[PDB]
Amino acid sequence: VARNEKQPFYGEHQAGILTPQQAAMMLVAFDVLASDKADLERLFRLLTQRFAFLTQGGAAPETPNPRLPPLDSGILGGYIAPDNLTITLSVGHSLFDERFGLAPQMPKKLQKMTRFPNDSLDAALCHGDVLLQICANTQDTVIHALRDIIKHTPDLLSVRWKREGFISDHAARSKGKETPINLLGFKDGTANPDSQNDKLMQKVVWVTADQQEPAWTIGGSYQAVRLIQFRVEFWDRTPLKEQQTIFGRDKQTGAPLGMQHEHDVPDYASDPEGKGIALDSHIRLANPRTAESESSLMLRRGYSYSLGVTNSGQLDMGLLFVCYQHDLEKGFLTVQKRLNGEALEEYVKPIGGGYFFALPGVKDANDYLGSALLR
């Protein structure tokens, strides 16, 4: 039964990273209003409490005294089903400024996101002290979580930016067995590293003790977020041949061009002029598939978005790109540097997002998010 699905909240790592993608999600960044490290700890403790309750489900908080605001928004009714909810907390570069004495604690590669050559960043949609990635089976559960978090933090958190996204229900319900199709009509996720292989994930996604990082970071992950708008109508009137040449993949099957099966692996060595798969194609640049490029593997966990219209009255739709990696410089920064100038660029418009560090897991009810960071 879908509404009763739960992902464990406690663990060595946060959920929402390796977790198979649920159908609905939200990215919401906040300014932190805490004035002391003390206030910050109270906030982190409070958040852990709210996330623990929401993700595992229970009866909605009641309001015995009606002269008070309702203790729950009510939008789910009387029972708060877990509905496969995960909440992942990450912290931005700006949390490590003067306010809370955490500067010495900053992850070695964490930085403020700065624009790439194809960027049109909107200042209202960038950065933040903290980001929550909130995913569940249904949008109702995600919004209810947000409203709960907000009601509990008037003194501590102020919403900075928010965007909601989705993947198809049936792809979500296959728990990774079927690749989601993005709003350009291409399968998106095919070449992701196996999130179930724990040794691969220890190398690819998680910060490990062997890295040159502050101790508290161990078991967390660097997180790059990009809000990317599509030129939908322009894309839809583009020849199929060109769409495929831009990506490097067959639209229908998802296979690398020239091959038969979605998950087949291209051989770039036997195609040095890119007659088969173009040298400026998205996948060839994202992953050159050389011995040296293997250090730039990442776990992508992106969602589609659809809003209203743009300022030109064209459809506002795109990608909430999210990726996790053991090292921000070796992962996202390296890959995007390779992607600069790719054929796709004229079709997409990065307008927002930022870089964050996803905290390590919370061990149990006596622990709280950020405990190692704050001590």
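Sequential numbering from 1, following the sequence displayed.
Worksheet item: In the PDB record, does 143-151 or 194-202 carry the higher mean Cα temperature factor?
Response: Here the higher of the two C-alpha B-factor means belongs to 194-202.
Discussion item. Tell me which stretch has the larger mean Cα B-factor in this entry, 113-121 or 262-270.
Written reply: According to the entry, 262-270 carries the higher average C-alpha B-factor.
Practice prompt. From the list 316, 31, 36, 342, select the residue with the highest C-alpha B factor recorded in the entry.
Written response: Answer for 316, 31, 36, 342: 36, with the highest C-alpha B-factor.
Worksheet entry | Top residue by Cα temperature factor, when 126, 183, 299, 215 are compared in the entry | If I rank 126, 183, 299, 215 by C-alpha B-factor, first place goes to 215.
Discussion item. Test of reading the entry: by CA B factor among the chain's modelled residues, which third contains residue 189?
Written reply: Ranked within chain, residue 189 CA B lands in the middle tercile.
Worksheet item: Among the chain's modelled residues, which third holds the C-alpha B-factor of residue 55?
Response: For residue 55, whose C-alpha B-factor we compare with every modelled residue in the chain, the answer is the lowest third.
Item to complete: Could you look up the Cα B-factor of residue 338 in the entry and say which third of the chain it sits in: lowest, middle or highest?
Response: It falls in the middle third of the chain.
Practice prompt. Comparing against every modelled residue in the chain, figure out the third that the C-alpha B-factor of residue 92 lands in (lowest, middle or highest).
Written response: Ranked within chain, residue 92 CA B lands in the lowest tercile.
Discussion item. What third of the chain does residue 350 rank in for C-alpha temperature factor, lowest, middle or highest?
Written reply: As the PDB entry reports it, the C-alpha B-factor of residue 350 lands in the lowest third of its chain.
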